[PDB]
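[1] This one's a deposited entry, sequence included:
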Amino acid sequence: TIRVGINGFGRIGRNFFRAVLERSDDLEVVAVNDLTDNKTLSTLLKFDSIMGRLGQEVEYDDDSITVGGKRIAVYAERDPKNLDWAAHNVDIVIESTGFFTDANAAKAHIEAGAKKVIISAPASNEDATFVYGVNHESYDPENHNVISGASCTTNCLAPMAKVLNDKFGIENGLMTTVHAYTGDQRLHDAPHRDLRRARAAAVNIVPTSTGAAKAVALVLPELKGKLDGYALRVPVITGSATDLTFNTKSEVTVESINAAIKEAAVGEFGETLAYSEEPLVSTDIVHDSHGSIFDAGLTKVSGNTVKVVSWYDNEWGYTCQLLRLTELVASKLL
Amino acid sequence: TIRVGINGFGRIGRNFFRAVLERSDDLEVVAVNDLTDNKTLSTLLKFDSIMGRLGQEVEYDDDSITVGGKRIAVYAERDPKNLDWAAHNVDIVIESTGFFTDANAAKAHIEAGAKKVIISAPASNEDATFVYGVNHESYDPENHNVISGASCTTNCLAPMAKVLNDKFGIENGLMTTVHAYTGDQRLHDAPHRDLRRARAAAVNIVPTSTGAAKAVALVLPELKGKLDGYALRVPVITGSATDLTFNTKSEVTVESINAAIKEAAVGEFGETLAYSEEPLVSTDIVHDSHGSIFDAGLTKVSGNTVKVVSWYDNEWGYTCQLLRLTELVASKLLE
Amino acid sequence: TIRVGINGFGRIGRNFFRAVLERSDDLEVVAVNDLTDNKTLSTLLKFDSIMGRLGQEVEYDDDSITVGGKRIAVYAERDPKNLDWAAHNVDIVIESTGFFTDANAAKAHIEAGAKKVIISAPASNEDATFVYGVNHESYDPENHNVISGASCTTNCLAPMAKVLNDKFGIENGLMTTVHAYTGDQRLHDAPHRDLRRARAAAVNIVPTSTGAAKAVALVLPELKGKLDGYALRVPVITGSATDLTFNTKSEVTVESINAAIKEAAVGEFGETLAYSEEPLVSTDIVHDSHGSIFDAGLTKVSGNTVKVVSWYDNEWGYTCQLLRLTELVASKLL
Amino acid sequence: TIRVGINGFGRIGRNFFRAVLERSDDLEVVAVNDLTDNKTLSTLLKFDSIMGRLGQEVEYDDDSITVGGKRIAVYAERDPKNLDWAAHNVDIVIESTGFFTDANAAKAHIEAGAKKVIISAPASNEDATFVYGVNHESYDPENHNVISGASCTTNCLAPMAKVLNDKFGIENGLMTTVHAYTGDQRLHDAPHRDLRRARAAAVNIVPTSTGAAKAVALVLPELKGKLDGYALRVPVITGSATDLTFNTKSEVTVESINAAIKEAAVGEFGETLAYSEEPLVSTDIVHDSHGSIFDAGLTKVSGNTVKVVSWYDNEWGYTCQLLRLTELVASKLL
Ligand SMILES: NC(=O)c1ccc[n+]([C@@H]2O[C@H](COP(=O)([O-])OP(=O)(O)OC[C@H]3O[C@@H](n4cnc5c(N)ncnc54)[C@H](O)[C@@H]3O)[C@@H](O)[C@H]2O)c1
Ligand SMILES: NC(=O)c1ccc[n+]([C@@H]2O[C@H](COP(=O)([O-])OP(=O)(O)OC[C@H]3O[C@@H](n4cnc5c(N)ncnc54)[C@H](O)[C@@H]3O)[C@@H](O)[C@H]2O)c1
Ligand SMILES: NC(=O)c1ccc[n+]([C@@H]2O[C@H](COP(=O)([O-])OP(=O)(O)OC[C@H]3O[C@@H](n4cnc5c(N)ncnc54)[C@H](O)[C@@H]3O)[C@@H](O)[C@H]2O)c1
Ligand SMILES: NC(=O)c1ccc[n+]([C@@H]2O[C@H](COP(=O)([O-])OP(=O)(O)OC[C@H]3O[C@@H](n4cnc5c(N)ncnc54)[C@H](O)[C@@H]3O)[C@@H](O)[C@H]2O)c1
Ligand SMILES: O=C[C@H](O)COP(=O)(O)O
Ligand SMILES: O=C[C@H](O)COP(=O)(O)O
Ligand SMILES: O=C[C@H](O)COP(=O)(O)O
Ligand SMILES: O=C[C@H](O)COP(=O)(O)O
C-alpha cells in the first residue's frame, strides 16, 4: 500500500479520491488539504453533481473525515509550507489546487515530507511531463520527483497524434477542443484576466486558450513546431471533444486513417485510447475512463488534409490517466 | 443634475449604470470603483451576456472609461476610504459590492465625502430600508443617510403583499421564490458557507435562503412575524417568480384576488407593480422595469388558502426600483 | 415469469425496461411498440443521456431487438387495435405513449390479448388509480383491469400528504411543483396546445397545469376538494420538487412536522417515502428509487400555515413506483 | 410594395417577419401557413424567448392575425398544393418549413399563385443558390424562380472563404461549426432520422452533418471539391461559430490573414462580413445582422495550415442575409 496526499480537494482532487477508492488495489488516500471546514469537504465528497452519491459512509469531525471506516486527515493550509505530509507517512502528493503548477512552489510538498509530487496540470520547472500510454516509459524514478500529468486535452490529443504521426506523418496540425466549462470560468459576467472566460459560462460559447497542442510536443518531441490550437468552452458540465485538422504527405482515406487508430487501440494502450463507431454524444462519454475516445464516424479527408475527432471526459478520463501515472510512480522506487 | 458614484461595478453596479443612462433625465454617474483594470471593466460594460451590447461607444485609459463621450473616473480601491467622492462632487453612492451591507462599514463612503449611501441589498445597522412604491413616503431626508433598497425578492413580494394584506388581511403566509442563479453560487461544486449554494448552479435546483422572508416586515411592519419562506435557485441566468401562499379570514375567489391587484396596479404605483393576463414564461419578463409582475393566470384559492405568483427580473427590475429610490433621494435635501 | 409489453418505448417506457432488468426477478419485457425502426429504437435503448450506457449487449433485426441474449419483438403501430399482444403471450401492458390515457382507448390492449393495462399517467374512465404505498391494498384483481399508476407528481405528493393528513389534518393545501422539463415541451418556441409549454424549455421557467393535486383525491378520497396547485417547469433534464403549503388546526412545529415523516418513513412504506436531513440539490435525487424524498431542512411553519418540500426523480422514482404496482398485479390472478 | 407569403412560420419564418418590419420599406408579409391555430401562432409571434416582446399590437381571429393594424391571413395546409397565394396577391414565398427543400415540391407555391420561391435552406433541383454578398450578382430574374438562400453556415463560411481564397488561395479545407441547437433536435432522447440529433439537445455536444462546406461550392464554384466538414450542436439557443482549417496556396501570417478580412469588410460587402478584434463570446453576436463576423483574435497559422473562425447568429444573421436576397428579387422583374 502506497500512501497518497491530495493538495486541492476540488473537481480533480475529488475525482482522484474516488478513482483511487474505486479502481486501485495498492494506493490509499490518507490526507487532504483545502481551504474549508470538514463539514463542507465531507459534503462535497459525499454528494457530486456529476458523479452522483459516493456509495460509502462518510462522517467527519473537527480533525478528519472518515470514509467507509477509514480515517483521512484534513488540513486547511493555503501555503503548503505549513503542511506535514510525513506525519501521515505519505509517499505521493497530487497537486490539484491549480495554484502550484510551478514546480518550484510544488516542491514545498517534498520539503514537507512527501517523496513525489504529481501536478494535475501543465507545469513550469517540472522534472518531467507525462501522458500515460504515450511517454510514461521515460519516467526516471531517481530523477523525476516533481512531475506533471499534463492537461485533459493533452491526454486526449497526444495518444491520437502519436498513432497518426507514426503511421502517416503529421506535417502541421491545428486543433480546436470543444470543451465543458470549468471552475476557472465565471458563472456571471465578472472580472477575469481572460476577457472571454470573464463571461457567463453556462450561456456562452467561450473561445479561449489551451496549451495542449504545444504541450503535446513535450510528450512527443517529434511534433515540436507542428501543432497549435485553442478551445471553445460550451455549456456542458463535463465531456469534451478534440478536433484536429492536419496535413500529411501520405496518401490517406477516411478508412485508412480510422484503421490506424483501430489497429493501435488494443492491449494496455487501449485503456488510454479507445476506438468507437458508435453514434456518440457527450453524455455517452461522461464517466469514461479513457484519455481519448476516437470517433471514427467524424473522420474527414480532403486531399492531404485530415480531420479527426476524439472525445474525453475532462474530469474522469483525465483523472484515470493521472491514476495510471500515479500507479507507475508507486510501482517503482520511492 | 445630481452626480452619482457606484461602488462595486458588478451585475447590479452595471445594471444601475445602464438604467441611469437609459432612464434618468437628472442623474449622471461620474465615478466608479471596482477591483480590476479599466480594460476589463470597460469590456464588461460594453458587452453583456444578458443585456446585450451597450449601444454607445466605450473607450478607456489609465484613469477613466468614456461612454458616449462622457468621461467616468474609475478606481480600484478595496478600501472605500481610499476614494474621494467629494472630489467629483458625488452626492449619492450606490453600494453594490456585496461586502459593505453593514451600514457602519458602508459609512466609509460618507467619510470619503459622499452625503448619501444606498446599499443594493438587505443591510444591517442601516438608517432605513425601502421598497419604492411601498414605503418610500417614509423617507426622511435629514435622518436617512445610509439606507437599503432591500432585495430583488423583497421588491417583488412587498408590493403584492401590501395590496392583498390591505384588502383582505394576511394572517400568515409562506413563500417560495423560484429564482435565477446569481454570482454568489458556484459554477462547479466547490466550498461555500451554504452547502447547497456550493453545488453547480446551472445543472441544479438549489434550495437556499431569501432576503424577502423577514425583510418585508421592515417595509410593512404590520406583517412582522406573519411571513417566511425560501428560494429554489434554478438554471436561468435572470428572471424569477415569487410564489406566496397565505391564509386570510376573508371570503375570496380567484377573481377577487386578481381584481385587487388590477385595481391597485395603476398610476405611479403601476410602475412598481404590474398586472398581467399574458401567458408569461421567464424570458418574457427579462428586462422588465417593474419590481413585481403579478401573473393573474396562476392565482389559486382553496377554502381560505390563497396562492399568488409574481414575476421579476431580479437584475433589471430590482435595478429600476433602486433607480426610483435614488431619484427620490436626489429630489430632496442633500446636506 | 409474468410477461410484459410496453406501448410507447419513450422516457418512461425505457426507464421501465431498465428498472425491470435491475429490480425484478419475476417480470420479463417481451414486446414493445413505438413509432420508429429497430436501429433507432435499439440505439435509444443502449445509449441514454440521463441513465448512461446499458450494460447489456444490444442487437436488432427487422422485427426485434435482442438485449443480453433475450429477443424482444418490436412493433410500430400507431393504432393499438393493430397490435397482437397474445402472439407473444403478454400478460401486462404498460401504456406509456401519452396518447391513450382514456381507458376506453387503452382497453384496445385487452382486446389485443393482454390481461391487464397499467397507464403510466392520470387516466380517464379507468377502473382504478393507485399510488403504491398509499392505496395499493385496494387493488381488486377481478375488477381492476385497466388501471392508472397516476403521475410522477402524484406519487411524490400523496405519500407525504397521507402521513401529514393522518397525523395533523390538512384543511386545504396548495402546491407548486418545480419540475424538470419533459418531452412534450418544446426545445425552441413552437406550437403546443399549452401556450407556455410552447416556449423553449431549456431557457425558461414555464408555468403549467398539473392535475396531481386533484388526482391525490383519487388515492386519498378524504382530500377531495382540499388540494390544488400547478407546476413550474425549469431547465433541468430530470429531478423535481413538490412544495406543498397547507393549513391545519393542529398545533405544530417544524420539529413535529419533520418527526411525523421520519416516523413513517420505515419498512415497506419507506421504499416509497424517504426522509432526509441532507443538503440536497436536484442532481442528488437523480436515479433515486423513492416516489417521495422529504426534505426536512425545507420545512417551515407560520402559525397554522405549514410548508413542506419533497423531491422526486420524475423519471426513475415514478418508474420504481410503477414497477412496485406492476409487481402487485403480477403477484395476483390475471 | 412587394407582397410576401411565408410557408412555415417557425424560428426562421418569424425572424423573417420581424426583419421585414425592422429593416424593409418595400416588402409586406400578407399571409403565412403553418400547422396550428391562430391563438397559438399569434402568441408565438408576440412573445419570443430569444427576440423578446414584439412592440406591435397583436390580435387574432379564426383566419388571420393582425399586427400593428395590418391583417395577415393564416393558413394551416400541410400540403402546399392546397394553398392559394393568389388570393392575397403574393409575389414572393419564403419556404421555411424544412419539408420542401426539393424545388420540385417547392414549385407547388408557383402553381398556387406565387411568382418566386425562396427556400430558406440548401435545396435540390433548384434554379440557383445564393449567398448574398458573394454571388447575388448572378441572379437571373427571368430564369431563377425557385431559388435557395443556402444555410446559416454557408452564409457564414462563404464570405470569409471568398476573401481568403481570393487573396491567399485555398488548396483544401475542413470546417467544424459549433452551432446552437435547432428545433429539429430532440429535447429528450427520442426517435430521429439522425441518431445523434435524437439525443437531448440541451445537455449534449451533438455531432451531425452539414452540407454547408460542399454548398459553398454552389456559390463559389472555384472551391468545388476543396471543402468538407461537420457540425457540433451545443447547448446555446442561438449563436454559432464556423471554424475553418485550410492549406494555403501561398505563405501567410496571422497578421496578413487578419488584414485581408479587415480590408474587405467595408461598404455593402461589409454588411455581410464584419471584422472584429473584440473579445467576443456567443451572446455578443446574438441579433447581429451580419452573415459572418470574423474573429481576428482566433486566427492561427502553422506552416501552410491556417485556422480561421467566424461568428454568426444562425437565426437573425442568416435571416438578414435572406432578406437582402429577398430585396434583390423584389427590386427586379416578377
Ligand atoms: N476538467 C478539469 O476540471 C481539469 C482537467 C484536467 C486538469 N485540471 C487541472 O487540475 C487543477 C484543479 O482544477 P479543478 O477543476 O479541480 O479546480 P477546482 O477549483 O475545482 O479545485 C481546486 C481546489 O483547490 C482548493 N484550493 C485553492 N487554493 C488552495 C490552496 N492554496 N491550498 C489548498 N487548496 C486550495 C479549492 O478550494 C478547490 O477545492 C488545475 O490545475 C486544472 O487546470 C482540471
Ligand atoms: N444579482 C442579483 O440578482 C441581485 C439582485 C438584487 C440585489 N443584489 C445585491 O447587490 C449586491 C451586488 O450583487 P451582484 O450580483 O452585482 O454581485 P457581483 O459579484 O456581480 O458584483 C460585485 C462587484 O463588486 C466588485 N467588488 C467586490 N469587492 C469590492 C471592493 N471591496 N471594492 C470594489 N469593488 C469590489 C467585484 O469585482 C464585482 O465587480 C449584493 O449585495 C447582492 O445581494 C443582487
Ligand atoms: N417525467 C416524465 O417523463 C413522466 C413521469 C410520469 C409519467 N409520465 C407520463 O408517461 C407518458 C409517457 O411520457 P414520456 O415522458 O415517456 O414521453 P416520451 O415522449 O418520452 O415517450 C412517448 C413514446 O411513445 C411513442 N409513441 C407516441 N405515440 C405512439 C403511438 N401511437 N403508438 C406507439 N408509440 C407511440 C413515442 O415515439 C415515444 O417513444 C405520458 O403519459 C406522461 O404524462 C411521464
Ligand atoms: N438556425 C436556424 O433555425 C436555421 C438557419 C438557417 C436555415 N434554417 C432552415 O429553415 C427551415 C426552417 O427551420 P426552423 O429553425 O425555422 O424550423 P422550425 O421548426 O422552427 O419551423 C418550421 C415551422 O414549419 C411548420 N411546419 C412544419 N411542417 C409544415 C407544413 N407541411 N406546412 C406548413 N408549415 C409546416 C412548423 O409548425 C413550424 O412552425 C429549415 O429548412 C432549416 O434548415 C434554419
Ligand atoms: O479541463 C481542464 C484542462 O486540463 C484545462 O483544459 P485544456 O487541457 O484545454 O487546457
Ligand atoms: O437575486 C438577488 C437578490 O437580491 C437576492 O435574492 P433574494 O432577494 O431572494 O435574497
Ligand atoms: O413528469 C411528467 C408528469 O407525469 C406530468 O406532470 P405532473 O405529474 O406534474 O402532472
Ligand atoms: O441552423 C440551421 C441550418 O440550416 C443548419 O445548420 P447548417 O447550416 O450547418 O446545416
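    Nice, I can see it. Numbers count the residues shown, from 1 in each chain, chains lettered A, B, ... in the order given. Ligands and ions are numbered 1, 2, ... in the order given.

[2] contacts for stretch A:323-333?
    Residues outside stretch A:323-333 that contact it (Cβ atoms under 8 Å, 6 or more residues apart in numbering or on different chains): A:2, A:4, A:16, A:19-20, A:23-24, A:26-27, A:91-92, A:94, A:116, A:118, A:130, A:132-133, A:136, A:139, A:141-142, A:147, A:149, A:271-272. For the C-beta atoms, the positions are set from N, CA and C on the backbone; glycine is no exception.

[3] In helices, which of those residues appear?
    The members of the contacts of stretch A:323-333 that map onto helices under DSSP state H are A:16, A:19, A:20, A:23.

[4] hang on, the third one packs against residue A:27?
    Yes: using Cβ atoms under 8 Å as the test, residue A:20 is close enough to residue A:27 to be in contact (5.1 Å).

[5] which neighbours do those two share?
    A:4, A:323.

[6] List the contacts of residue A:254.
    Residue A:254 touches A:299, A:300, A:301, counting by Cβ under 8 Å, 6+ apart.

[7] sorry, that was for residue A:8
    Residue A:8 touches A:33, A:34, A:94, A:95, A:96, A:97, A:98, A:99, A:100, A:120, counting by Cβ under 8 Å, 6+ apart.

[8] mind listing what the last one touches?
    Spelled out, that is residue A:120. Residue A:120 touches A:8, A:12, A:13, A:16, A:94, A:95, A:96, A:149, A:322, counting by Cβ under 8 Å, 6+ apart.

[9] repeat for the fifth one
    For residue A:96, the residues meeting the contact criterion (Cβ under 8 Å, 6+ apart) are A:6, A:7, A:8, A:9, A:10, A:12, A:13, A:16, A:120, A:121.

[10] thinking again about what came up before, just among the ones in helices among the contacts of stretch A:323-333, which is most surrounded?
    residue A:16 (30 neighbours; other Cβ atoms under 10 Å in any protein chain shown).

[11] Quick check, it in contact with residue A:94.
    Yes: contact criterion Cβ under 8 Å: residue A:16 and residue A:94 qualify, at 5.6 Å.

[12] what do the two both touch?
    Common neighbours of residue A:16 and residue A:94 (Cβ under 8 Å, 6+ apart) are A:6, A:120, A:322.

[13] These in strands, which ones?
    residue A:6 (DSSP state E).

[14] could you pull out the helices for the stretch 51-200 of chain A?
    In the stretch 51-200 of chain A, helices defined by DSSP state H, counting those that start in this stretch lie at A:103-106, A:108-111, A:152-168, listed in chain order.

[15] Pipe these into CSV and attach distance to ligand 5 and mean neighbour count per row.
    Shown next, in CSV, are the helices of the stretch 51-200 of chain A (distance: least, Cβ to the nearest ligand atom, whole Å; neighbours: other Cβ atoms under 10 Å in any protein chain shown):
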stretch, distance to ligand 5, mean neighbour count
helix A:103-106, 16, 20
helix A:108-111, 20, 19
helix A:152-168, 3, 27
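
[16] Let me have those in TSV, adding distance to ligand 1 as columns.
    TSV is the format used below for the helices of the stretch 51-200 of chain A (distance: least, Cβ to the nearest ligand atom, whole Å):
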stretch	distance to ligand 1
helix A:103-106	10
helix A:108-111	11
helix A:152-168	4
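
[17] closest to residue C:288 out of those?
    Closest to residue C:288 of those, according to Cβ to Cβ: helix A:152-168, at 30.0 Å.

[18] just how off-centre is that closest one within its chain?
    Centroid separation for helix A:152-168 versus its chain: 15 Å, with Cα atoms, centre = their mean, to the nearest Å.

[19] so, in contact with chain D or not, that helix?
    No: Helix A:152-168 stays clear of chain D (Cβ under 8 Å from any Cβ of the partner chain), getting no nearer than 13.2 Å.

[20] and that helix, is it in reach of chain B?
    No: Helix A:152-168 does not reach chain B (Cβ under 8 Å from any Cβ); its nearest approach is 13.9 Å.

[21] On the three-state scheme, residue A:308 is what?
    strand (DSSP: H, G, I helix; E, B strand; the rest coil).

[22] List the beta-bridge partners for it.
    residue A:244 (DSSP bridges).

[23] Also residue A:293?
    Beta-bridge partners, per DSSP bridges, of residue A:293: residue A:274, residue A:311.

[24] ok, the residue of the stretch 151-300 of chain A found nearest ligand 4 - contacts?
    Nearest to ligand 4 in the stretch 151-300 of chain A, going by Cβ to the nearest ligand atom, is residue A:205, at a distance of 14.4 Å. For residue A:205, the contact set (Cβ under 8 Å, 6+ apart) comprises A:232, A:233, A:234, D:178, D:234, D:236, D:239, D:240, D:241, D:281, D:282.

[25] With residue A:244 instead?
    So residue A:244 contacts A:157, A:160, A:161, A:173, A:174, A:175, A:229, A:307, A:308, A:309, A:310 (Cβ under 8 Å, 6+ apart).

[26] Ok, residue A:150 next?
    A:121, A:122, A:129, A:130, A:131, A:158, A:212, A:215, A:218, A:219.

[27] Buried subset of those residues as a PyMOL selection?
    Paste this into PyMOL to select the buried members of the contacts of residue A:150, with burial taken from 16 or more other Cβ atoms under 10 Å in any protein chain shown:
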select buried, chain A and resi 121+122+129+130+131+158+212+215+218+219
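
[28] Pick the one among the contacts of residue A:150 closest to residue C:267.
    Among the contacts of residue A:150, and counting by Cβ to Cβ, the member closest to residue C:267 is residue A:121, at 50.1 Å.

[29] For the closest one, which non-adjacent residue is closest in space?
    residue A:101 (4.9 Å; Cβ to Cβ, 6 or more residues apart in numbering or on different chains).

[30] right, and the one you found touches residue A:118 too?
    No: between residue A:101 and residue A:118 no contact is recorded; they are 11.7 Å apart, counting by Cβ under 8 Å.

[31] what's the overlap in contacts for these two?
    A:95, A:148.

[32] Those two: who's more crowded?
    Ranked by neighbour count (other Cβ under 10 Å), residue A:101 and residue A:118 place residue A:118 first, with 26 against 18.

[33] Contacts only, for the more buried one.
    With Cβ under 8 Å, 6+ apart, residue A:118 has these contacts: A:92, A:93, A:94, A:95, A:147, A:148, A:149, A:322, A:325, A:326, A:329.
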